[PDB]
RNA sequence: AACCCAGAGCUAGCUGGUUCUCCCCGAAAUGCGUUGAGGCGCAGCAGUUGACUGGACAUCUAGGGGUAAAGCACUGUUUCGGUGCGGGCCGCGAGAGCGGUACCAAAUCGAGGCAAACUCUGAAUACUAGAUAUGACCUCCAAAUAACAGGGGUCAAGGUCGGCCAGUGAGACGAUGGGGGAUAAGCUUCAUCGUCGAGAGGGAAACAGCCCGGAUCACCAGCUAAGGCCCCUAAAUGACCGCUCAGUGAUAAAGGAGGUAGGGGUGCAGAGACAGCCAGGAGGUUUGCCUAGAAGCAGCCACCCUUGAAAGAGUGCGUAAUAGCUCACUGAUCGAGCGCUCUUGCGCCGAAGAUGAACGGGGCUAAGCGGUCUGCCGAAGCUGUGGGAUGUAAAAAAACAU
RNA sequence: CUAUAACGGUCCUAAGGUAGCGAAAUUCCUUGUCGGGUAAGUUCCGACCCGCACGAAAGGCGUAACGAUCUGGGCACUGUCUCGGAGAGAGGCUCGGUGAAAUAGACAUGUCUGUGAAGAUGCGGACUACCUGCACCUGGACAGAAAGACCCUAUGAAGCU
RNA sequence: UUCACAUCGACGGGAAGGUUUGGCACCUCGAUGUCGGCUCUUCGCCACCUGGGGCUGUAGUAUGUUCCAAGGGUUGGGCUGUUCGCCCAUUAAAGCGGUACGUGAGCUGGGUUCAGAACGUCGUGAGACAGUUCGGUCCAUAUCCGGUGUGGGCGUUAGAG
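Protein chains in written order, with this note's numbering: chain W, 1 to 100; chain E, 101 to 234; chain A, 235 to 271; chain L, 272 to 317.
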């Protein structure tokens, strides 16, 4: 009598938001059709998935007024560090180990 | 009283959230019956009130059913609430929020409009009041 | 009396007096002799 | 009928003591002068 | 489908039972699969142990989404008027024509909405990813006097993998966004949080799921939170500003109202008002018709003019209908405050059940509700004083943190 | 006359209910209509018929006799009743003797309302009530009795097909 | 007749009740014994009848409606197992309800939920039907609260009638 209730439950998000770290080969978008087109350093897939070719960063931007045009970049900078806490924790591991 | 085309058979409920804009100033007519209380209004109320001011005016002036129901409400038989198969062929309903115009009436002298729209407010489930075309 | 809980003046000559709480109507014609709430 | 009634827990929110007058909600306790400190309370010196 | 003995202490994913002390940590009631859903396997959340760790909390900035709201570009419906195409009908006439109808309808335009499976738009949060700091105390050394930076020693705290092992698998309500229901349930179903579950104590009269709050112990010590200060029960029957006269103060609507304190607009008030006493209050005319009669007053049409201070083809009663009566209107005396209007606050009626006043009681006109300022009571919370215990940790302590 | 069809056409099966009986131990709707009975009869008897779903040896129809059979109306007879009453016996009751039972957390065991696993002597407020016997009644103590026999579950048991 | 409101009130709207049919399934399956009668209560009203009143399209006599009113009253029968389901004869009237659809530790067991049997129908069949039909042992010496009666001690401050 109900007839109804047959939903699939599939999942298809954006996997790596703008300005995350893209491994090589990692998937940027798993999509149904082509919302975001491939820009440069990304490859389309069989089912329009968009995956990173080289490590770097993902940049969502319009490739036309309407289109997303996802892209990737090397993005390597900042070697410099400023955190005391990490050094402190490491220092404690050793001091306590020595004490005990 | 109802729409011709059944786009989707059934349609689940909603909820009121008070007007803040589209207060439906006045467009036709000169005297309106502005709702104040959010509620549903079936098509059968609409019938009732319309009859009221038509046969009361009865001499001149034009009625204006400013709103048309366009959403179905279902009702189930007494079978232990199993599955809501068929109830949309039952009454239709117009969600009417505050600040909204229900009727409009022109071509009628002042106080005759007051009796028409006052009676019409008696046939109808929510507290209203009549407004003039400012 | 017609104990209408909400009726109003009807004859042109209704007086609408309140007494001991009860709002009541008194008219020269007793058809109209109502007591309200 | 056609009106529901308010039960346990539900009944409580309608009918618990609320301090619903902005004023008394506001208020704060007396403070005091700072009460400069107090001596010791014990001494072996004897 | 006997009875006794034996396999047999059969089997039971089902019910009941499971005994001495203290200490530390302490959940879940979710998904998935299941001849499976008042079981079990894995995950999810405890314990304890070993590594590698880096945080957690607050702040800020980025990135995608289409929800709330809005909108009529899309799709689907939607009213009011325009336009007229084209069609039917009258016929002329043996072809389609100019047209006409208070005519039926297709696209369009103007005005106007609506939608979980509508969107040209589109937040707040949430999420993911980055950097940015600094928490609590000490002992200090040098201060006039602080502060803090200067170090040193502690203490407190996140996770991601593993090992050995659990219990859990129908939660409940409350807040919010929703489905189903009847925008009914202390109903059901999911998403994000709180309490109960597993948590005491005070307020709520009594009262898991609401409010404050988190229980190591002792104390015939103090300050407060939620809530309160007439009596029963602690603490002002304390201050001043107002409002209620129903015992409202404890429960429900539409509707009704010269109740009551105010406010927002309106005109009138010596070319004097609403009060009352008053006077006057029409000619055409019996308005035309209809009706036995219709003459203001069955009904309907014209619905004006003259006269004047003023009279509407008369306000109501009434008459077979007339007549009659009286209103509106109008001048005089008395005398200068009265109509209208919507809403604010608190109230009244509407608001009635079956054992006996049911709302803590006594009661109260403030000991009710609206507003501000001061003192107090109020818990196992915080303080003060004194013991215990865990680790942190490896040693007397002592100090933290629980 | 109007109706009901003596009589016809269609798919159908292997064929399409014969005789009798019929709202029936079978008719649901349904106290079916009508007649008799009754003051009044959803029961009852006799009929009609659209037999929801009668029917010929899981026999049809009817029968004299017989029934601790079911069913309806009679006359006689009466405490069945109207409407109770008195009486005798055995118990009950009191005294002498012997002397159990089931049940039983402990009970110092009030009423009304309110609350609460949403129907409390055990909680709250108010009322009421000297302590304790004996006879009498049974509304509660979700009173006793049998781990419900109805309902469901168990990858329970058993019987029959 | 005219006349909305003597009376009925279309179309639609807003409530209270808690007793019908229901929705949830919260207590109760180591058990909360069902329908209808008998006996005995007691309570509610929105009132059927008796007491007083308006209004009436009330001449009177009847009424119709509403208002305060629960003090009282609220028949006997025929049919059915079956509370307005009902005809008969009255009667002032011959109410609706709540009390675990009051009352089975008070009563009957006509019905339904036991084992036998049969009818119609479903099932090939065992069997089955919230269809029918005939038969079918409803157990009890009150501990406590409750109630009706009746006592005793003791209180009433000296003791008693």
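The beta carbon of each residue, even a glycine, is placed where N, CA and C say it ideally should be.
Going by DSSP, residue 95 (chain W) is part of no beta strand (DSSP E) but of the alpha helix (DSSP H) stretching over 84-99. By the 16-neighbour rule on beta-carbons within 10 angstroms, residue 145 (chain E) is buried.
Membership of residue 281 (chain L) in the alpha helix (DSSP H) is indicated by the continuous run 281-285. The three-state secondary structure of residue 205 (chain E), taken from DSSP, is strand. The shortest CA-to-CA distance from residue 218 (chain E) to any of E:149, E:108, E:101, E:142 is the one to E:149. Using a C-beta cut-off of 8 Å, the stretch 277-286 of chain L makes no contact with the stretch 296-306 of chain L, since fewer than three inter-stretch Cβ pairs fall below that distance.
According to the DSSP assignment, residue 119 (chain E) belongs to no beta strand (DSSP E), since it is labelled neither H nor E.
Residue 33 (chain W) and residue 48 (chain W) do touch by the CB rule: their CB atoms are close to 6 Å apart, below 8 Å.
As for any alpha helix (DSSP H) of minimum length 4 sitting wholly inside the stretch 115-164 of chain E, the runs are 143-157, ordered along the chain.
When the five nearest sequence neighbours on each side are left out, the beta carbons in the same chain lying within less than 7 Å of the beta carbon of residue 241 (chain A) are those of 268, 270, in order along the chain. Residues of chain W whose Cβ lies closer than 8 Å to the Cβ of residue 185 (chain E) are, in chain order, 1, 2. Put simply, the stretch 103-116 of chain E touches the stretch 161-177 of chain E. At least three CB pairs are less than 8 Å apart.
When rounded, the separation of the alpha-carbon atoms in residue 191 (chain E) and residue 207 (chain E) is 32 Å. Counting along the chain, residue 218 (chain E) sits inside no beta strand (DSSP E); it lies in the alpha helix (DSSP H) bounded by residues 210-222. With a contact defined as Cβ atoms closer than 8 Å, residue 129 (chain E) and residue 210 (chain E) miss out at about 13 Å.
Under the criterion of beta carbons closer than 8 Å, residue 133 (chain E) and residue 221 (chain E) qualify as touching, at roughly 6 Å. Between residue 4 (chain W) and the set E:105, E:156, E:231, E:184, the nearest pair of CA atoms involves E:184. Every unbroken stretch of the beta strand (DSSP E) spanning 3 or more residues and falling wholly within the stretch 22-87 of chain W is given here in chain order: 27-29, 42-44, 50-52, 57-59, 71-73.
Residue 296 (chain L) sits in a helix when the DSSP states are folded into three classes. Residue 262 (chain A) and residue 214 (chain E) have their C-alpha atoms roughly 28 Å apart. In the DSSP assignment, the residues bridged to residue 253 (chain A) are A:256. About 7 Å separates the beta carbons of residue 212 (chain E) and residue 157 (chain E), which is inside the 8 Å limit, making them a contact pair. Per DSSP, residue 173 (chain E) is not a residue of any beta strand (DSSP E), being assigned neither H nor E.
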